[PDB]
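Okay, structure first, notes after.
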Amino acid sequence: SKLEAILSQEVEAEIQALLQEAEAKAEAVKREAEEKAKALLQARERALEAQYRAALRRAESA
Amino acid sequence: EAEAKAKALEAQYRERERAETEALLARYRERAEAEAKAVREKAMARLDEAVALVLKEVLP
């Protein structure tokens with residue numbers, strides 16, 4: 001009936017706000033990892049880069 | 001899999017480091033090997049004068 005219709009219609013509109021929410025609670029995790037990861041690969045370019053330039057200089061300086 | 005990237009990066013980074021300092025020595029050293037000899041030869045020929053001079057001072 002139309003009575004049972006209103007209860008359906010409510011429940012579904014609520015359902016979609018949970019599901020989209022669920023996506024967002026994931027999305028931040030997904031994107032957090034990405035951001036974290038960027039900081040790992042870069043930070044290791046840095047240290048190793050110093051271990052390069054400075055290695056050759058002292059080698060030349062020697 | 002990002003940890004993998006970086007670990008692998010390091011390898012190459014160290015390999016290249018190795019290779020550059022190791023190569024650097026050959027190249028640098030061989031100019032030392034050359035020039036040291038090359039200042040000797042300059043002297044070798046014209047070298048009388050020093051002895052001649054020194055002998056004159058000490059001799060009397």
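Letters for chains follow the order of the structure tokens (A, B, ...), residue numbers begin at 1 for each chain, and ligand numbers begin at 1 in the order shown.
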Within 12 Å of chain A: residues of chain B, using only C-alpha atoms, as number ranges by chain: B: 1-29
